Amino acid sequence: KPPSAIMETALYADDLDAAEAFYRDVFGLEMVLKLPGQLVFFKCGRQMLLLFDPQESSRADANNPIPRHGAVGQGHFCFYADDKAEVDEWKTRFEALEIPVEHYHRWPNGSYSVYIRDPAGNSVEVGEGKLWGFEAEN
Amino acid sequence: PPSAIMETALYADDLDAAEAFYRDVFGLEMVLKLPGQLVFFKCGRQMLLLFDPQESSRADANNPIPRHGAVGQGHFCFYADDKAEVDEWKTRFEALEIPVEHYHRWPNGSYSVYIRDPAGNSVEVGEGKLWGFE
Ligand SMILES: [Co+2]
């Protein structure tokens, strides 16, 4: 029996406030945990989007047994969309916010994706489940 | 808001060692593979994307897809029904002689296990009780 799902996705942002506002507003994500200058954790359906300041998640506290991590550079992750329409709605919401649409892509099977950057430069995508054969929610 | 997260990306220099790991240790189904470039696995309704950071960053060719690539140790977590499932994987890591970096009991009585994939990424397996997911 392999794992049934991915519960947490980690991204790193040196400016946590700019990242906290980006996801809170652009995507309306619920914020669950927040420790100033350290991290901001959002919930998305049954998954968690974890944003860490790479410098702190990297720091070794003697009483914190939690394994350390931290990456440098531009990350990537994709939000799920139910169809081209949801993808289109998101693309429009980005235009309405002055957020550049780095890319809009139609895949061989005819599915779509939209691409943007969060304040840290991470590649944030929105794609319909069709990209990987995930039947619509139902 | 988006109803879910579909893709999670990790980086690794040695893709074959990374593929072996996620395929044999976790039994994830491979969906896409481009030699020396990337390997994508399916996990439930999600996708774990493995990239060679150098190959994702490199200036195009005419790859319209945005560039990315991070160097360092990343992190992500697999979902587990309860403690029994967290424990099964813990036992499985030991059977595979993979060192268990950390076994943790959270304040609400939730459990997680931590190990490292070949690239150094912090790979976790925690129960949904952790964030209140029924
Ligand atoms: Co993509």
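Here Cβ is always computed from backbone atoms with ideal geometry, including for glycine, and neighbour counts include all displayed protein chains. Read-outs: derived from the displayed coordinates by stated rules, not from any lab.
Numerical summary
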{"quantity": "Surrounding net charge for A:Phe22, when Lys and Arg each add one and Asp and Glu each subtract one, Cβ distance under 12 Å", "calculated": "-3"}
{"quantity": "Charge context of B:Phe76, other residues only, Cβ under 12 angstrom, K/R +1, D/E -1", "calculated": "-4"}
{"quantity": "Length-normalised contact order of chain A in % [C-alpha pairs under 8 Å, at least 6 apart]", "calculated": "22"}
{"quantity": "Angle in degrees between helix B:15-24 and the longest Cα principal axis of chain B, rounded to the nearest 10", "calculated": "30"}
{"quantity": "DSSP beta bridges in the protein assembly as shown [antiparallel fraction, %, rounded to 5]", "calculated": "70"}
{"quantity": "Quotient of Cα Rg and 2.2 N^0.38 Å for the stretch A:7-138, N being how many residues it contains", "calculated": "1.13"}
{"quantity": "Positive minus negative residues near B:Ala119 (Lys, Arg vs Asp, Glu; Cβ under 9 Å)", "calculated": "-2"}
{"quantity": "Spatial separation of Cα centroids for the stretch B:26-78 and the stretch A:73-138, in angstrom", "calculated": "16"}
{"quantity": "Residue of A:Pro100, A:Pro65, A:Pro119 that the Gaussian network model of chain A assigns the largest fluctuation, springs spanning Cα pairs under 10 Å", "calculated": "A:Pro65"}
{"quantity": "Under-5 Å amide H pairs with A:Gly45, H placed in peptide plane, nonlocal only", "calculated": "none"}
{"quantity": "Helix A:84-95 vs. chain A, principal-axis angle (Cα, 0 to 90°, nearest 10)", "calculated": "60"}
{"quantity": "Pairs from A:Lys43/B:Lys90; A:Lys130/B:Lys83; A:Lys1/B:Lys42; A:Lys43/B:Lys129; A:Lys1/A:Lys84 whose Cα-Cα separation, in the structure shown, is over 22 Å", "calculated": "A:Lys43/B:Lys90; A:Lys130/B:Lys83; A:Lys1/A:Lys84"}
